[PDB]
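> Following this message is one structure expressed as structure tokens.
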Amino acid sequence: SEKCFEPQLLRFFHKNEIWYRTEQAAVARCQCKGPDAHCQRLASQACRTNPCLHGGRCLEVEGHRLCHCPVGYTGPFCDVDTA
């Protein structure tokens with residue numbers, strides 16, 4: 001019943017929970033086994049409009065827009081300062 005830690009989200013997930021993890025290109029969908037996650041890399045597309053701040057790359061999967069943030073920023077839109 002160990003949980004899985006996702007550093008991109010600073011969040012622990014329970015067994016069977018599912019979340020997205022970004023790379024520069026592209027996105028992966030992860031499910032917690034505990035403590036390890038099993039992830040599947042998905043083909044994503046670029047968002048037409050980019051809501052990501054500070055150089056974030058916007059990746060679209062399930063029509064849903066994710067931001068791959070640069071160092072110094074995090075959050076849904078690279079809007080949370082890490083410093």
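Convention: chains lettered A, B, ... in structure tokens order; per-chain residue numbering from 1; ligands numbered from 1 as shown.
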Taking the DSSP secondary structure from the backbone, can you list the residues of chain A that are strand (DSSP E), as a ChimeraX atom specification?

/A:4-6,11-13,18-22,27-32,37-42,45-46,57-61,64-68,73-74,80-81

> I want to know what sits within 12 Å of residue 49 (chain A), based on only C-alpha atoms, with residues of the same chain fewer than 5 positions away left out; could you give that as a PyMOL selection string?

chain A and resi 57-60+65-67

> Which residues are near region 10-26 of chain A? Cut-off 8 Å, only C-alpha atoms, ignore same chain within fewer than 3 positions. Put them as a ChimeraX atom specification.

/A:1-7,29-34,41-44,57,59,66-68

> So how far away is CA of residue 35 (chain A) from CA of residue 76 (chain A), in Å?

24.4 Å

> Using Å and a single decimal, report how far CA of residue 54 (chain A) sits from CA of residue 37 (chain A).

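Between these atoms lies a distance of 28.9 Å.
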
> When you count only C-alpha atoms, which of these residues is closest to residue 51 (chain A): A:78, A:28, A:39, A:71?

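So, comparing all the options, the nearest one is A:78.
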
> Which distance in Å separates CA of residue 36 (chain A) and CA of residue 75 (chain A), to one decimal?

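Computing the Euclidean distance for CA of residue 36 (chain A) and CA of residue 75 (chain A) yields 23.0 Å.
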
> Please determine, counting only C-alpha atoms, which residue among A:40, A:74, A:8, A:82 has the shortest atom-to-atom distance to residue 52 (chain A).

A:74

> Smallest atom-to-atom distance to residue 61 (chain A): which of A:83, A:73, A:38, A:47, using only C-alpha atoms?

A:47
